[PDB]
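In what follows, a structure is listed as structure tokens, so that the remarks can point back to it.
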Amino acid sequence: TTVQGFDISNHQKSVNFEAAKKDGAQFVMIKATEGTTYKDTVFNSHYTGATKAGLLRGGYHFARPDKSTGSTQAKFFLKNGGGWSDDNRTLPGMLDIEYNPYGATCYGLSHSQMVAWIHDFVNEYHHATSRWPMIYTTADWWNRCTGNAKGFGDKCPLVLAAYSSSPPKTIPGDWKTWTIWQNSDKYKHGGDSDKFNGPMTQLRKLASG
Ligand SMILES: [Cl-]
């Protein structure tokens with residue numbers, strides 16, 4: 001089975017979390033930061049709204065690997081919504097690492113540079129929180145920009161975007177399978193639709209570690 005969730009950002013000015021929860025959504029990932037200085041200005045309102053509605057929630061960071069080291073961006077994310085504790089409410093932070101919206105393929109980095117950047121981000125995140133962050137990407141992007149790199153599969157939960165009625169057939173890297181599948185960019189209650197791989201009990205274990 002799966003558990004329904006979703007992800008949102010300042011592109012959604014207002015979200016009815018109560019309505020999403022009534023409709024089966026149990027968790028939400030919320031954009032907190034991007035690059036080295038951008039704070040998503042709706043994050044606070046979303047995160048509070050999600051908390052009051054009883055959803056599991058966590059933050060996500062939009063990576064811009066050309067702008068700084070992975071550790072710098074991890075630290076910025078951690079100070080601005082990307083934190084985690086075992087409080088029954090919190091998903092580990094998610095690194096959104098994929099297509100550069102600013103028009104340079106793979107952010108101008110080589111495979112080895114990109115793999116190093118992502119290692120730097122995820123290691124900093126783990127150092128600070130004791131949790132490996134989730135990695136959000138597509139199989140296509142992971143192949144192009146990392147050379148389909150192994151080494152993250154046994155530590156970082158994979159959040160895999162592949163818009164389809166059927167679950168993803170191509171699993172990147174050395175991941176066994178996805179932890180969360182982003183199945184559409186058109187969710188009724190706002191943002192993107194997500195599906196956690198398993199029952200609620202396993203989702204609560206993703207939250208607690
Ligand atoms: Cl790219």
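We name chains A, B, ... following the order of the structure tokens; residues begin at 1 in each chain, and ligands are numbered from 1 as shown.
Shell of range 155-168 of chain A at 6 Å, with only C-alpha atoms counted and residues fewer than 2 places along the chain excluded, is residues 132, 133, 134, 135, 136, 137, 138, 152, 153, 170, 178, 179, 180, 181, 182, 183 and 184 of chain A.
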Same residues, N, CA and C atoms, output as a CSV table (one decimal), in the first residue's frame:
chain,number,residue,atom,x,y,z
A,132,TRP,N,19.9,11.1,7.7
A,132,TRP,CA,20.2,11.3,6.3
A,132,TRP,C,19.0,12.0,5.8
A,133,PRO,N,19.2,13.1,5.0
A,133,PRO,CA,18.1,13.8,4.3
A,133,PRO,C,17.5,12.9,3.2
A,134,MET,N,16.3,13.2,2.8
A,134,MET,CA,15.7,12.6,1.6
A,134,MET,C,16.3,13.2,0.3
A,135,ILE,N,16.5,12.5,-0.7
A,135,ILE,CA,17.0,13.1,-2.0
A,135,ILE,C,15.8,13.0,-3.0
A,136,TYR,N,15.5,14.2,-3.5
A,136,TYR,CA,14.4,14.3,-4.5
A,136,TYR,C,15.1,14.6,-5.9
A,137,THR,N,14.7,13.7,-6.8
A,137,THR,CA,15.3,13.9,-8.2
A,137,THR,C,14.5,13.1,-9.2
A,138,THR,N,14.9,13.2,-10.5
A,138,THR,CA,14.4,12.2,-11.4
A,138,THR,C,15.5,11.3,-11.8
A,152,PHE,N,24.5,6.5,-2.4
A,152,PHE,CA,23.5,7.3,-1.6
A,152,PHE,C,22.3,6.4,-1.2
A,153,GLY,N,22.2,5.3,-1.9
A,153,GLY,CA,21.0,4.4,-1.8
A,153,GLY,C,20.7,3.8,-0.5
A,170,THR,N,12.2,3.0,-13.7
A,170,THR,CA,13.7,3.1,-13.7
A,170,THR,C,14.1,3.7,-12.3
A,178,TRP,N,12.1,3.5,-4.4
A,178,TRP,CA,11.8,4.8,-3.9
A,178,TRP,C,11.1,4.7,-2.6
A,179,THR,N,11.4,5.7,-1.7
A,179,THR,CA,10.6,5.8,-0.5
A,179,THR,C,9.4,6.7,-0.7
A,180,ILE,N,9.5,7.7,-1.5
A,180,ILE,CA,8.3,8.5,-1.9
A,180,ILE,C,8.4,8.7,-3.4
A,181,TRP,N,7.2,8.6,-4.1
A,181,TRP,CA,7.1,8.8,-5.5
A,181,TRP,C,6.3,10.0,-5.7
A,182,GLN,N,6.8,11.0,-6.4
A,182,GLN,CA,6.1,12.2,-6.8
A,182,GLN,C,5.4,11.9,-8.1
A,183,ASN,N,4.1,11.6,-8.0
A,183,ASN,CA,3.4,11.0,-9.1
A,183,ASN,C,2.7,12.0,-10.1
A,184,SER,N,2.5,13.3,-9.7
A,184,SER,CA,1.9,14.3,-10.5
A,184,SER,C,2.3,15.7,-10.0
**Request:** Could you please write out, as a VMD selection string, every residue of range 7-196 of chain A that DSSP assigns to helix (DSSP H, G or I)?
**Result:** chain A and resid 17 to 22 43 to 52 70 to 78 105 to 108 111 to 129 139 to 146
**Message:** What residues of the protein or nucleic acid chains come within 9 Å of ligand 1 when you use only C-alpha atoms and all ligand atoms? Reply as a list in words.
**Reply:**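 Checked against 9 Å with only C-alpha atoms and all ligand atoms; the hits are residues 97, 98, 99, 100, 101, 102, 103, 104, 105, 106, 107, 108, 141, 144 and 145 of chain A.
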**Item:** Who sits within 8 Å of residue 67 in chain A, only C-alpha atoms, same chain under 2 positions skipped, as a PyMOL selection string
**Value:** chain A and resi 35-36+64-65+69
**Item:** Given only C-alpha atoms as the counted atoms, nearest of A:14, A:80, A:177, A:130 to residue 40 in chain A
**Value:**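 Ranked by minimum distance to residue 40 in chain A, first place goes to A:80.
Nearest-residue note for residue 26 in chain A: choosing from A:204, A:11, A:75, A:150, the minimum distance belongs to A:204, counting only C-alpha atoms.
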**Item:** Close residues, range 119-124 of chain A itself excluded, 6 Å, only C-alpha atoms, min 6 positions apart in chain, as number ranges by chain
**Value:** A: 70-71, 74
Emit the selected residues as an mmCIF file, in the first residue's frame, including C-alpha atoms.
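The new file selection-v6.cif reads:
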data_model
loop_
_atom_site.group_PDB
_atom_site.id
_atom_site.type_symbol
_atom_site.label_atom_id
_atom_site.label_comp_id
_atom_site.auth_asym_id
_atom_site.auth_seq_id
_atom_site.Cartn_x
_atom_site.Cartn_y
_atom_site.Cartn_z
ATOM 1 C CA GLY A 70 26.916 21.479 -0.439
ATOM 2 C CA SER A 71 27.705 22.091 3.241
ATOM 3 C CA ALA A 74 22.818 22.414 4.151
#
**Straight-line distance linking CA of residue 127 in chain A with CA of residue 84 in chain A, stated in Å to one decimal** =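 Between these atoms lies a distance of 11.8 Å.
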**Message:** DSSP on the backbone, strand (DSSP E) only: what residues of chain A does that give? Format it as number ranges by chain.
**Reply:** A: 2-8, 25-34, 38-39, 56-62, 94-96, 134-137, 158-161, 180-184, 192-197
